[PDB]
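Structure file protein26.pdb (PDB, C-alpha atoms) is printed below.
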```pdb
MODEL        1
ATOM      1  CA  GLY A   2       4.057  13.901  -4.231
ATOM      2  CA  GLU A   3       1.370  11.338  -4.935
ATOM      3  CA  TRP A   4       0.269  12.881  -8.238
ATOM      4  CA  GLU A   5       2.620  13.057 -11.229
ATOM      5  CA  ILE A   6       2.434  14.369 -14.769
ATOM      6  CA  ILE A   7       3.593  11.816 -17.313
ATOM      7  CA  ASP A   8       4.382  12.239 -21.006
ATOM      8  CA  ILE A   9       2.037  11.478 -23.924
ATOM      9  CA  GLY A  10       4.067   8.705 -25.558
ATOM     10  CA  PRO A  11       2.853   5.259 -26.670
ATOM     11  CA  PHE A  12       2.025   4.066 -23.147
ATOM     12  CA  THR A  13      -0.190   7.106 -22.553
ATOM     13  CA  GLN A  14      -1.807   6.895 -25.998
ATOM     14  CA  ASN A  15      -2.514   3.212 -25.364
ATOM     15  CA  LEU A  16      -4.381   4.266 -22.232
ATOM     16  CA  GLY A  17      -6.491   6.495 -24.470
ATOM     17  CA  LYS A  18      -7.322   3.600 -26.777
ATOM     18  CA  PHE A  19      -8.348   1.625 -23.697
ATOM     19  CA  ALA A  20     -10.676   4.385 -22.486
ATOM     20  CA  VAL A  21     -12.462   4.610 -25.837
ATOM     21  CA  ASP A  22     -12.744   0.816 -26.205
ATOM     22  CA  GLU A  23     -14.256   0.429 -22.732
ATOM     23  CA  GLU A  24     -16.548   3.388 -23.393
ATOM     24  CA  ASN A  25     -17.871   1.773 -26.560
ATOM     25  CA  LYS A  26     -18.695  -1.282 -24.437
ATOM     26  CA  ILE A  27     -20.983   0.889 -22.335
ATOM     27  CA  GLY A  28     -22.251   3.059 -25.181
ATOM     28  CA  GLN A  29     -23.075   6.354 -23.447
ATOM     29  CA  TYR A  30     -22.172   7.977 -26.755
ATOM     30  CA  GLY A  31     -21.916   6.832 -30.362
ATOM     31  CA  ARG A  32     -19.335   4.253 -31.418
ATOM     32  CA  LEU A  33     -16.208   6.334 -30.813
ATOM     33  CA  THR A  34     -13.146   6.376 -33.052
ATOM     34  CA  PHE A  35      -9.910   6.920 -31.164
ATOM     35  CA  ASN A  36      -7.960   9.927 -32.391
ATOM     36  CA  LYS A  37      -5.302  11.048 -29.887
ATOM     37  CA  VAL A  38      -4.520  11.781 -26.230
ATOM     38  CA  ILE A  39      -3.388  15.339 -25.510
ATOM     39  CA  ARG A  40      -1.539  16.935 -22.598
ATOM     40  CA  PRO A  41      -1.880  17.058 -19.754
ATOM     41  CA  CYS A  42      -1.898  13.440 -18.520
ATOM     42  CA  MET A  43      -2.027  12.847 -14.766
ATOM     43  CA  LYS A  44      -0.710   9.843 -12.859
ATOM     44  CA  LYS A  45      -1.661   9.064  -9.256
ATOM     45  CA  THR A  46       0.361   6.419  -7.420
ATOM     46  CA  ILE A  47      -2.078   4.767  -5.027
ATOM     47  CA  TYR A  48      -0.576   3.575  -1.750
ATOM     48  CA  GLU A  49      -1.913   0.859   0.531
ATOM     49  CA  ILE A  50      -1.011  -0.409   3.991
ATOM     50  CA  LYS A  51       0.659  -3.784   3.678
ATOM     51  CA  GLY A  52       1.275  -4.607   7.290
ATOM     52  CA  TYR A  53       2.998  -3.226  10.360
ATOM     53  CA  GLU A  54       6.168  -3.750  12.292
ATOM     54  CA  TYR A  55       6.423  -3.680  16.085
ATOM     55  CA  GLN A  56       9.477  -3.098  18.285
ATOM     56  CA  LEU A  57       9.143  -4.515  21.786
ATOM     57  CA  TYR A  58      11.078  -4.540  25.048
ATOM     58  CA  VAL A  59      10.103  -7.903  26.498
ATOM     59  CA  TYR A  60      11.165  -9.829  29.599
ATOM     60  CA  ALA A  61      11.602 -13.579  29.160
ATOM     61  CA  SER A  62      13.213 -15.792  31.811
ATOM     62  CA  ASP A  63      14.202 -12.568  33.598
ATOM     63  CA  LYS A  64      16.353 -11.540  30.617
ATOM     64  CA  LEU A  65      15.670  -8.356  28.615
ATOM     65  CA  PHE A  66      15.169  -8.994  24.904
ATOM     66  CA  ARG A  67      14.402  -6.865  21.845
ATOM     67  CA  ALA A  68      11.771  -8.527  19.676
ATOM     68  CA  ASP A  69      10.420  -7.398  16.310
ATOM     69  CA  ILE A  70       7.193  -8.601  14.840
ATOM     70  CA  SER A  71       5.511  -8.081  11.474
ATOM     71  CA  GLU A  72       1.727  -8.165  11.141
ATOM     72  CA  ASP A  73      -0.228  -8.325   7.886
ATOM     73  CA  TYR A  74      -2.964  -5.737   7.354
ATOM     74  CA  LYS A  75      -5.622  -7.877   5.693
ATOM     75  CA  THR A  76      -5.087 -11.109   7.637
ATOM     76  CA  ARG A  77      -3.384 -10.034  10.895
ATOM     77  CA  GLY A  78      -0.847 -12.783  10.202
ATOM     78  CA  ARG A  79       2.139 -12.288  12.498
ATOM     79  CA  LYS A  80       5.812 -13.226  12.149
ATOM     80  CA  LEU A  81       8.899 -12.911  14.365
ATOM     81  CA  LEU A  82      11.716 -11.130  12.517
ATOM     82  CA  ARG A  83      14.442 -10.881  15.144
ATOM     83  CA  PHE A  84      14.939 -11.812  18.792
ATOM     84  CA  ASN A  85      18.234 -10.726  20.311
ATOM     85  CA  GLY A  86      19.406 -10.321  23.913
ATOM     86  CA  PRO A  87      20.019  -9.833  26.705
ATOM     87  CA  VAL A  88      20.054  -6.067  26.127
ATOM     88  CA  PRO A  89      20.337  -2.953  28.311
ATOM     89  CA  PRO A  90      17.149  -1.328  29.717
ATOM     90  CA  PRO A  91      15.957   2.046  28.338
TER      91      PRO A  91
ATOM     92  CA  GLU B   3       6.418   6.797  10.128
ATOM     93  CA  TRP B   4       7.278   5.706  13.677
ATOM     94  CA  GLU B   5       4.680   5.736  16.420
ATOM     95  CA  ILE B   6       4.528   5.059  20.154
ATOM     96  CA  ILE B   7       1.780   2.795  21.455
ATOM     97  CA  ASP B   8       0.934   2.008  25.087
ATOM     98  CA  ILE B   9       1.915  -1.228  26.832
ATOM     99  CA  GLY B  10      -1.657  -2.453  27.310
ATOM    100  CA  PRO B  11      -3.158  -5.955  26.818
ATOM    101  CA  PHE B  12      -2.759  -5.854  23.029
ATOM    102  CA  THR B  13       0.929  -5.000  23.341
ATOM    103  CA  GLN B  14       1.444  -7.653  26.011
ATOM    104  CA  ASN B  15      -0.219 -10.107  23.634
ATOM    105  CA  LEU B  16       2.507  -9.321  21.103
ATOM    106  CA  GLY B  17       5.063 -10.170  23.774
ATOM    107  CA  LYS B  18       3.415 -13.519  24.446
ATOM    108  CA  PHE B  19       3.600 -14.206  20.705
ATOM    109  CA  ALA B  20       7.282 -13.245  20.383
ATOM    110  CA  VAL B  21       8.434 -15.576  23.164
ATOM    111  CA  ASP B  22       6.320 -18.476  21.882
ATOM    112  CA  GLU B  23       7.761 -18.178  18.358
ATOM    113  CA  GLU B  24      11.262 -18.085  19.832
ATOM    114  CA  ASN B  25      10.597 -21.366  21.631
ATOM    115  CA  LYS B  26       9.738 -22.973  18.292
ATOM    116  CA  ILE B  27      13.188 -22.280  16.871
ATOM    117  CA  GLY B  28      14.873 -22.411  20.265
ATOM    118  CA  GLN B  29      17.883 -20.099  20.070
ATOM    119  CA  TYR B  30      17.609 -19.276  23.785
ATOM    120  CA  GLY B  31      16.410 -22.428  25.557
ATOM    121  CA  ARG B  32      12.854 -22.567  26.893
ATOM    122  CA  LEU B  33      11.879 -19.000  27.790
ATOM    123  CA  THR B  34       9.014 -17.860  30.008
ATOM    124  CA  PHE B  35       7.249 -14.612  29.162
ATOM    125  CA  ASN B  36       7.077 -12.004  31.899
ATOM    126  CA  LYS B  37       6.039  -8.601  30.545
ATOM    127  CA  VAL B  38       6.622  -5.974  27.844
ATOM    128  CA  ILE B  39       7.738  -2.494  28.970
ATOM    129  CA  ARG B  40       7.830   1.010  27.518
ATOM    130  CA  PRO B  41       8.524   2.164  25.089
ATOM    131  CA  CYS B  42       6.761   0.170  22.368
ATOM    132  CA  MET B  43       7.271   1.372  18.800
ATOM    133  CA  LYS B  44       5.014   0.895  15.783
ATOM    134  CA  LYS B  45       6.103   1.412  12.163
ATOM    135  CA  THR B  46       3.355   1.430   9.508
ATOM    136  CA  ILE B  47       4.466  -0.275   6.262
ATOM    137  CA  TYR B  48       2.884   1.009   3.045
ATOM    138  CA  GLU B  49       2.860  -0.668  -0.383
ATOM    139  CA  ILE B  50       1.796   0.399  -3.879
ATOM    140  CA  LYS B  51      -1.726  -0.834  -4.670
ATOM    141  CA  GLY B  52      -2.189   0.549  -8.156
ATOM    142  CA  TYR B  53      -2.400   3.730 -10.207
ATOM    143  CA  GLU B  54      -5.044   6.182 -11.405
ATOM    144  CA  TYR B  55      -4.727   8.086 -14.684
ATOM    145  CA  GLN B  56      -6.466  11.275 -15.838
ATOM    146  CA  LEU B  57      -6.685  11.555 -19.628
ATOM    147  CA  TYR B  58      -7.698  14.128 -22.184
ATOM    148  CA  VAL B  59      -8.709  11.949 -25.135
ATOM    149  CA  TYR B  60     -10.113  12.908 -28.546
ATOM    150  CA  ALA B  61     -12.749  10.495 -29.833
ATOM    151  CA  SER B  62     -14.681  11.238 -33.024
ATOM    152  CA  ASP B  63     -13.137  14.717 -32.783
ATOM    153  CA  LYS B  64     -14.753  15.469 -29.435
ATOM    154  CA  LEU B  65     -12.693  16.037 -26.297
ATOM    155  CA  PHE B  66     -13.503  13.799 -23.339
ATOM    156  CA  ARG B  67     -12.361  13.448 -19.758
ATOM    157  CA  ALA B  68     -11.387   9.884 -18.883
ATOM    158  CA  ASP B  69     -10.214   8.369 -15.593
ATOM    159  CA  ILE B  70      -8.609   4.924 -15.579
ATOM    160  CA  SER B  71      -7.464   2.739 -12.697
ATOM    161  CA  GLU B  72      -4.586   0.274 -13.051
ATOM    162  CA  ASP B  73      -3.662  -2.306 -10.409
ATOM    163  CA  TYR B  74      -0.028  -2.799  -9.338
ATOM    164  CA  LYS B  75       0.014  -6.549  -8.722
ATOM    165  CA  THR B  76      -2.203  -7.763 -11.581
ATOM    166  CA  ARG B  77      -1.831  -5.031 -14.207
ATOM    167  CA  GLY B  78      -5.642  -5.000 -14.342
ATOM    168  CA  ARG B  79      -7.200  -1.871 -15.819
ATOM    169  CA  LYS B  80     -10.678  -0.381 -15.483
ATOM    170  CA  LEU B  81     -12.457   2.669 -16.857
ATOM    171  CA  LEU B  82     -13.697   4.659 -13.881
ATOM    172  CA  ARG B  83     -15.349   7.660 -15.555
ATOM    173  CA  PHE B  84     -15.860   9.072 -19.054
ATOM    174  CA  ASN B  85     -17.419  12.530 -19.411
ATOM    175  CA  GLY B  86     -17.623  15.044 -22.245
ATOM    176  CA  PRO B  87     -17.511  16.896 -24.485
ATOM    177  CA  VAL B  88     -15.117  19.172 -22.575
ATOM    178  CA  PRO B  89     -13.183  22.383 -23.301
ATOM    179  CA  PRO B  90      -9.499  22.069 -24.310
ATOM    180  CA  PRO B  91      -6.907  22.426 -21.506
TER     181      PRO B  91
ENDMDL
END
```

Output the file's structure as structure tokens, nothing else.
Amino acid sequence: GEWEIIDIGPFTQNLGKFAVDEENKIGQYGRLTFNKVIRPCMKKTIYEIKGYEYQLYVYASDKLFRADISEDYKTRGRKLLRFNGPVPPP
Amino acid sequence: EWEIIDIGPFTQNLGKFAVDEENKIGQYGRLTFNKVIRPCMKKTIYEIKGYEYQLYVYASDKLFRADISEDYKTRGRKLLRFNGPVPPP
């Protein structure tokens, strides 16, 4: 799915040390001394839209072509991937 | 993952862009755009942005709940929340 349970090895423990260190920067508690991270540890893989791809039946010089275009999400920057033809009508 | 969109002005505008970019390379002589017809397909491309972690961490022998965000591209980490003390899982 999008959520995953990971193990409590060095990488996970190091996350724990990071939490405590950043918490001491704020100070909502007393200076904290890192002990250990215990199970369970949850990992959420965050997905984001990069861009889009379009498939298009397009007439040019009275010839049927199949054109594909990629568009970026943030910038709407467009690019032509492929342009083949003539091809048969749907 | 695949989606059908109508052949309205926006779609036609994609057609105008495809022909124009083809003229720049030129693998089909000078072409003149006419129109785009059905069906038009749209595939939405997703990419990993980062990660969020839920931790049970002992600090000064108290059990806290910590949430940390980690970015995919930059490896940048941030502490989102830090509550406690909390009961053992």

Which neighbours of range 68-74 of chain A fall inside 6 Å, counting all atoms listed in the file, when residues of the same chain fewer than 5 positions from it are skipped, and could you give them as a list in words?
->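 The contact residues come out as residues 51, 52, 53, 54, 55, 56, 57, 79, 80, 81, 82, 83 and 84 of chain A.
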
CA of residue 35 in chain A and CA of residue 90 in chain B are how many Å apart?
->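 Rounded to one decimal, the two atoms are 16.6 Å apart.
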
So what do you get for CA of residue 49 in chain B versus CA of residue 12 in chain B, distance-wise?
->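 Taking CA of residue 49 in chain B as the start and CA of residue 12 in chain B as the end point, the length is 24.6 Å.
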
Expand the PyMOL selection byres ((chain B and resi 24-38) around 10) into the individual residues it matches in the shown file, reporting them as a VMD selection string.
-> (chain A and resid 57 to 68 81 83 to 86) or (chain B and resid 9 to 11 13 to 23 39 to 42)

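For the pair CA of residue 30 in chain A and CA of residue 61 in chain B, the interatomic distance is 10.2 Å.
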
Who sits within 10 Å of residue 46 in chain A, all atoms listed in the file, same chain under 5 positions skipped, as an mmCIF file with C-alpha atoms, in the coordinates of the input:
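Just written: out_27.cif:
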```cif
data_model
loop_
_atom_site.group_PDB
_atom_site.id
_atom_site.type_symbol
_atom_site.label_atom_id
_atom_site.label_comp_id
_atom_site.auth_asym_id
_atom_site.auth_seq_id
_atom_site.Cartn_x
_atom_site.Cartn_y
_atom_site.Cartn_z
ATOM 1 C CA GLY A 2 4.057 13.901 -4.231
ATOM 2 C CA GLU A 3 1.370 11.338 -4.935
ATOM 3 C CA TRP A 4 0.269 12.881 -8.238
ATOM 4 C CA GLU A 5 2.620 13.057 -11.229
ATOM 5 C CA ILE B 50 1.796 0.399 -3.879
ATOM 6 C CA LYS B 51 -1.726 -0.834 -4.670
ATOM 7 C CA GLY B 52 -2.189 0.549 -8.156
ATOM 8 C CA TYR B 53 -2.400 3.730 -10.207
ATOM 9 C CA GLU B 54 -5.044 6.182 -11.405
ATOM 10 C CA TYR B 55 -4.727 8.086 -14.684
ATOM 11 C CA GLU B 72 -4.586 0.274 -13.051
ATOM 12 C CA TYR B 74 -0.028 -2.799 -9.338
#
```

Check what the PyMOL selection byres ((chain B and resi 71) around 10) selects in the file above and give those residues as a PDB file with C-alpha atoms, in the coordinates of the input.
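After the write, result15.pdb holds the following:
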```pdb
ATOM      1  CA  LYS A  44      -0.710   9.843 -12.859  1.00  0.00           C
ATOM      2  CA  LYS A  45      -1.661   9.064  -9.256  1.00  0.00           C
ATOM      3  CA  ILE A  47      -2.078   4.767  -5.027  1.00  0.00           C
TER       4      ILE A  47
ATOM      5  CA  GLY B  52      -2.189   0.549  -8.156  1.00  0.00           C
ATOM      6  CA  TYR B  53      -2.400   3.730 -10.207  1.00  0.00           C
ATOM      7  CA  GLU B  54      -5.044   6.182 -11.405  1.00  0.00           C
ATOM      8  CA  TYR B  55      -4.727   8.086 -14.684  1.00  0.00           C
ATOM      9  CA  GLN B  56      -6.466  11.275 -15.838  1.00  0.00           C
ATOM     10  CA  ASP B  69     -10.214   8.369 -15.593  1.00  0.00           C
ATOM     11  CA  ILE B  70      -8.609   4.924 -15.579  1.00  0.00           C
ATOM     12  CA  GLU B  72      -4.586   0.274 -13.051  1.00  0.00           C
ATOM     13  CA  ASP B  73      -3.662  -2.306 -10.409  1.00  0.00           C
ATOM     14  CA  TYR B  74      -0.028  -2.799  -9.338  1.00  0.00           C
ATOM     15  CA  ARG B  77      -1.831  -5.031 -14.207  1.00  0.00           C
ATOM     16  CA  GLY B  78      -5.642  -5.000 -14.342  1.00  0.00           C
ATOM     17  CA  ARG B  79      -7.200  -1.871 -15.819  1.00  0.00           C
ATOM     18  CA  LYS B  80     -10.678  -0.381 -15.483  1.00  0.00           C
ATOM     19  CA  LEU B  81     -12.457   2.669 -16.857  1.00  0.00           C
ATOM     20  CA  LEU B  82     -13.697   4.659 -13.881  1.00  0.00           C
ATOM     21  CA  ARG B  83     -15.349   7.660 -15.555  1.00  0.00           C
TER      22      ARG B  83
END
```

Using the file's own x, y and z axes, so that the box edges lie along x, y and z, what centre and edge lengths in Å (one decimal) does a box around every listed atom of range 60-78 of chain A get when 4 Å is added on each side? Give it as lines of an AutoDock Vina configuration file.
```
center_x = 5.4
center_y = -10.8
center_z = 19.6
size_x = 30.0
size_y = 18.1
size_z = 35.9
```

Name the residues that the PyMOL selection byres ((chain B and resi 45) around 8) picks from the file above, as JSON, numbers by chain, using the file's chain letters and numbers.
-> {"A": [53, 54, 55], "B": [3, 4, 5, 43, 44, 46, 47]}

Next, dump the selected residues to file, keeping only C-alpha atoms, as a compact mmCIF listing (two decimals), in the frame of the given file.
```txt
# COMPACT_ATOMS: atom_id res chain seq x y z
CA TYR A 53 3.00 -3.23 10.36
CA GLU A 54 6.17 -3.75 12.29
CA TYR A 55 6.42 -3.68 16.08
CA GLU B 3 6.42 6.80 10.13
CA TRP B 4 7.28 5.71 13.68
CA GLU B 5 4.68 5.74 16.42
CA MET B 43 7.27 1.37 18.80
CA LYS B 44 5.01 0.90 15.78
CA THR B 46 3.36 1.43 9.51
CA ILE B 47 4.47 -0.28 6.26
```

Compare A:7, A:75, A:89, A:49 by their minimum atom-to-atom distance to chain B, counting only C-alpha atoms, and give me the closest one.
-> A:49

Smallest atom-to-atom distance to residue 38 in chain A: which of B:76, B:58, B:66, B:88, using only C-alpha atoms?
->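 Of all the options, B:58 lies closest to residue 38 in chain A.
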
Distance query 10 Å from (-15.8, 7.0, -30.7) using only C-alpha atoms, result as a list in words = residues 18, 21, 22, 24, 25, 28, 30, 31, 32, 33, 34, 35 and 36 of chain A; 60, 61, 62, 63 and 64 of chain B

Using all atoms listed in the file, which residues sit within 9 Å of residue 39 in chain A once same-chain residues fewer than 3 positions away are excluded, as a PyMOL selection string?
-> (chain A and resi 9+14+42) or (chain B and resi 57-60+91)

For chain A, which residue out of B:65, B:85, B:48, B:75 is the nearest one, using all atoms listed in the file?
->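 The closest residue to chain A is B:48.
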